Amino acid sequence: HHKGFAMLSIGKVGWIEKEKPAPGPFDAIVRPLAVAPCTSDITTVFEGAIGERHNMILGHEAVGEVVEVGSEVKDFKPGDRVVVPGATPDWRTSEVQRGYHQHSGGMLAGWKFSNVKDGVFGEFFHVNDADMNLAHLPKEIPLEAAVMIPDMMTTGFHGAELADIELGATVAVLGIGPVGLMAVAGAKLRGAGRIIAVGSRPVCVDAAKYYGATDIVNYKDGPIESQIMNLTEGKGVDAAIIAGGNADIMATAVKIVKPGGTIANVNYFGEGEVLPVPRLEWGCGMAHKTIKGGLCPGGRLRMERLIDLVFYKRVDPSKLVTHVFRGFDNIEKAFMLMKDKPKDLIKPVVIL
Amino acid sequence: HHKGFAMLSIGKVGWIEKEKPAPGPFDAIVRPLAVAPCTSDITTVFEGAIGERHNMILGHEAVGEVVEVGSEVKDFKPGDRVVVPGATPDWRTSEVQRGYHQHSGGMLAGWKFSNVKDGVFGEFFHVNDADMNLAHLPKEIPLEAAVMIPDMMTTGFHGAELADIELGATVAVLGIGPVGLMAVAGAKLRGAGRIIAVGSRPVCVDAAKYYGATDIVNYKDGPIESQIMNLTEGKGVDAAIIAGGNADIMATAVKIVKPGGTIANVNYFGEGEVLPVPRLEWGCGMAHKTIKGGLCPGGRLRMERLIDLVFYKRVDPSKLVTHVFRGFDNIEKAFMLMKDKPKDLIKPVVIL
Amino acid sequence: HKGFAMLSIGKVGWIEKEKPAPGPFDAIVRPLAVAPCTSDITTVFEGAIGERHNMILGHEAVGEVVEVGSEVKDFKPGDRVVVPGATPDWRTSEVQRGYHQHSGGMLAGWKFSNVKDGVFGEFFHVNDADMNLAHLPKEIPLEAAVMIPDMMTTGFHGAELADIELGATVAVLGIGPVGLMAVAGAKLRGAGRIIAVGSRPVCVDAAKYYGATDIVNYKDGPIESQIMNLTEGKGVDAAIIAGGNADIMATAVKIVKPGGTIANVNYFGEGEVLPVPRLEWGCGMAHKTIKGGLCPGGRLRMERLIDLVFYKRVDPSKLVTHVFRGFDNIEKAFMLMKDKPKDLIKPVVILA
Amino acid sequence: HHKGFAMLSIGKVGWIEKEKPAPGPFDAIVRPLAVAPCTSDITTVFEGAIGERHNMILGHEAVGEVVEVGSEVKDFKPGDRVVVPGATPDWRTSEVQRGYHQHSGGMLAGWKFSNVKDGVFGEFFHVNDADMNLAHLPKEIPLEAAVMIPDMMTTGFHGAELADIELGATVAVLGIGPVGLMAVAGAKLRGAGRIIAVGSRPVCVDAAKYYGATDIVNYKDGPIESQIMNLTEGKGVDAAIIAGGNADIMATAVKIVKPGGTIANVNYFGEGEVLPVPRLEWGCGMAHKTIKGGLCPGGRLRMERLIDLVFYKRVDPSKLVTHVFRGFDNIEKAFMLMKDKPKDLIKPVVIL
């Protein structure tokens, strides 16, 4: 028996008592040391983004301590401090041999926590294939910084990776929530010169400057496109990373990218039948404006590499954490903080 | 002075008298030996796709004989038989240094004929930068086959290039007009195993089989997405090449491509404000289904390489030519042939 | 359980061993057709991979599944399968890096007749059946299918590494069974002119069959000068090394134009150094990329290569010049590869 | 007429006066504001690296003021302060259409200054195709910083580009001269986590730490290869950038790069016939260790993008400047500084 903060049904959350998970021969049981709520947890409960769920523990961002391992786990022992990726895919599928573990076994099936499997907002959680989906966490990295790696860092950096940024290129980041702020840092880690951040909330404008943004575009001062087309003197941006906004942010991205550039989306679109690609500004189909959109990489290797970027001081994700709470109870308060969305909020963390 | 079949205004075409073009120091004057009409010309005249034009000679697909050269032209001399690419870009721009001559000087600015400059449907036409935008035509290649290289072959092959086909991958070609038929041949030249061609006219289904299609999906037997999902046993295709159809064929392509696959568009969309990307079937933004759309490569090097594939018997584009006419007078007949679209038409050629 | 094994540096014979048992994810396969390799000769008679005692040889087999572990989901006893020469462990860091050929160590993806009993036995063990087995359609004859595990995937991999562009000129150095598959692979990547370098009339004939447009005999003079004359001093866009001594590396660099690629899939078994010509490599700055890689393995690679045979994009049966029947002839076919007679490309031993 | 510091013949340098160059219609005449000597200048004179030259003005690294432009120059007028790339290629060749302007018209033919054309160590110098080979220099960037862009920065960054660094990868930089220090900075701009710099001189070891080096490997303390394998616990590096050393530094790089990694050379090798690739540590041809080696990119776009990296404070090249001189007289003394390489020297600059 263990307790966990779960989604009871649509529009309903509460604490439930559940059977403590048991590990298979290749699995591990981890208890959380620090968790953070996601905008997907809000979208899952109150908007049915993944369908109906009943008594499903929420959360997919956790650093924890290994409690038990299966008989065939060889690299992780009880007591180990580990960083747990948000996506813990099955590594023995055809999609992995194609190079897309994010979709191992189905579209976005690499993401299991709080989807097809109880999330991390519990006293314990299950990790499948520990040797492939766990990374050792150095003590030198504080917990609140490390818990930004499972999703926030790997998603934002993936946007910069998908953008195929060349050295000195001009990159626009549309949306500067916690994911967008990691896209700014990621663009700087891909050699971007000028980085134009698009957002309004002062807490995020300040963090965007910290992570490398050279320009701030407020949608209040006029259309994003015009602002960006003037900042670049009609040349456009080499790449645009979509990290937030409505479906029509796709149209904005296509309009600001020069012919031959890339639109890299890592934002979750939860409404509309269509994401609009403007026919004229996409060259009527022929502008060579590549559109990409991908779930964040997970697994052990991805986490180890992002841990090294924190360890060797190439990025400090702790500026994303605006709220830290203590105690298991405060998972509810941090979750509700993600629904209610103050103005000073980037990301909350609950330390256990 | 000379004559040419021109667009007089929206909806009106006819023969006009123009001053004979003179070459700049790097340019060449070519008289046509063989011309082909396009589907774009229909759209340009009767739908105002590129705005308003007055006395603009039409056509952009020609093989011809060099008549005069500029004072600095070094590899082409009057009398030379040349293949003229549909895209003749200015090669001294920043977009060329970025690797996108198709947009040298602006979006799709690499396409000049019958756009910003008099087309090839005249007794002569102007070719800018002869040394960079002309390719010698071997005697061994018949004219009607060679005039399928300037646009049809380079566009269809470009769709196969953009698709990032892996050896043995399953490729769908959506639309089997002349561009789609060259996309089938291009997919076969990229090592595709199974190639599923989607089209209905029997003349195109037969040419699709000839160029490498292993399956024919007729809209008759049900929705394309269910037919392809049945052929691939729920797996989908590794890549889909869009070579024709309405804006909503973009939705079809995304729905049939595996997560992680590529949608490669080389079709021109002339209607609607938006090209629809299905939000659900695009993984809500995270299915890793890359969408590309690009104008065909032009210039000398692209033509030389495509000429070599014809010379070395890797593709024979002559099966695309279903109508051959022999007079300058008959340029109008071939032009109207692309407007009326009879069911026996793939591409017409006028030999001069 | 009998098997043709390596007794030591120069001694081979049929041996009696314990029949292998499958782990929960493994399968036991009996061979239907096997082929001997040049690497087995190098292993037995030259101690290239060290000393081994009672190790069954061979790594190229198509067979019938006899038993599977309790967790195999896609393969049952009776299934006729193609077994890749490389059967890697799919749960390592190198797989997450995208290099299963080196999963667990350099070339560790190759286990048969190296770290594990080969296929020259009444049974052999396949690790991770669901990831390392491909169903073989009834339509493909056995001698054709047994060219897929190594010959086809290696030769095609050379063409893949060469980064061939449509219409490019490709040189293939060496037209043994791997080189002839490199010729076919180059033709599957859209190569225009294909220059094959080889001597034996049986192999020159197969090179023409697989797409070679030019044949270079080292007897009519040096390669380097013959190819420079064929290309009128331009060189080739890519060179695939599929045979020869260490100094063939120098030949390849000399014939590729600046910016081209040298793709090696040949195994070099003598010398401390493979020579890169300093002058013809631009003193380090000619942009002539050099690649060299072990063939891909696993289920997905075999399924895709099976589709190229099934859909008649390549027919490897022209590689099979001698077919033997019965277990007896494994020794005869194996010994045939120590001093390859001049009409031999690849031999096949059919067992059932 | 004008003066320039020239190479008279092998080993002898001196002042000569020559006809002042005149611009073609697309060219510009530039007078230097700041110059720097190169290791290529020493090698060219004292080792005959590029053959025999007589009265050839040396130097290829300069920022300057445009003095006159041809009738067709559109973006540069007399008085403009410009950054002049070391490589000023002819942009209308087939190699440009292949994407390798560094070799436009022949191997390394993109480099003209102090090679096929008088260098920058004169009162004036000629720049071909000003609109394609000149970049405006903002007043905000000091001259000694800007003169590290034409060669030092673009070469070092190109080493990082060729290395295909993934986010968090471990990179080794072999040689920490001014190019190697820019390779260190470049690796940090591609998201390298751990960067291992190999060098001895304290002025360069300290600059390497400043540019992102996390480890310094001294050739004193034992073999580099054994030293680097110890730092990485036998794993090796994901990529190695060669920026100096003997021919067998190529052997060092291959030994320290893990299977699947990349060896990227940007060092100029001036002695020996062969660069040795170790057969065993190259997987006997199959270790997937890609070897690249390329001349630095030039042209306007490359300079504009690196100017942006300086302008937006992503890299500061000024600590490469250890000696500053004032006067055209002092070019001789700075050139001699690169001959008699003191020890506190990284790069000298002559401000005019």
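These residue numbers are counts, starting from 1, taken along the chain as shown.
Header says: X-ray crystallography, 2.6 Å.
The backbone N, Cα and C atoms fix where each Cβ goes, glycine too.
Swiss-Prot annotations:
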BINDING   C:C37, C:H59, C:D150  Zn(2+) binding site
BINDING   C:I175, C:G176, C:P177, C:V178, C:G198, C:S199, C:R200, C:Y218, C:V265, C:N266, C:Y267, C:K340  NADP(+) binding site
Cα-to-Cα gap, C:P177 (NADP(+) binding site) vs C:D150 (Zn(2+) binding site), nearest whole Å: 10
Binding-site residues (C:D150, C:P177, C:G198, C:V265, C:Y267) in Cβ proximity to chain D, threshold under 8 Å: C:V265, C:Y267
Among the NADP(+)-binding set C:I175, C:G176, C:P177, C:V178, C:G198, C:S199, C:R200, C:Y218, C:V265, C:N266, C:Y267, C:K340, as the record gives it, the longest Cα-Cα distance in Å: 21
Among C:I175, C:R200, C:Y267, which are recorded as binding-site residues, the nearest neighbour of C:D150 (Zn(2+) binding site) by Cα: C:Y267
Tertiary neighbours of C:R200 (NADP(+) binding site) (same chain, Cβ under 8 Å, six or more apart): C:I175, C:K342
Env. residues of Zn(2+) site, Cβ within 8 Å of mean position of C:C37, C:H59, C:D150 Cβ: C:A35, C:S39, C:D40, C:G58, C:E60, C:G85, C:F112, C:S113, C:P149
Rounded Cα separation (Å) that holds between C:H59 (Zn(2+) binding site) and C:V265 (NADP(+) binding site): 17
Residue from C:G198, C:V265, C:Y267 whose C-alpha is spatially nearest that of C:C37 (Zn(2+) binding site), among the binding-site residues: C:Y267
Set of same-chain residues at least 6 away whose C-beta sits under 8 angstroms from C:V265 (NADP(+) binding site): C:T154, C:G155, C:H157, C:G158, C:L161, C:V178, C:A182, C:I240, C:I241, C:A242, C:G292, C:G293, C:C295
Assigned element (helix, strand, coil) containing C:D150 (Zn(2+) binding site), judged by DSSP: helix
Where C:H59 (Zn(2+) binding site) sits in the secondary structure, as DSSP reduces it to three classes: coil
Cβ neighbour count within 10 Å of C:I175 (NADP(+) binding site): 30
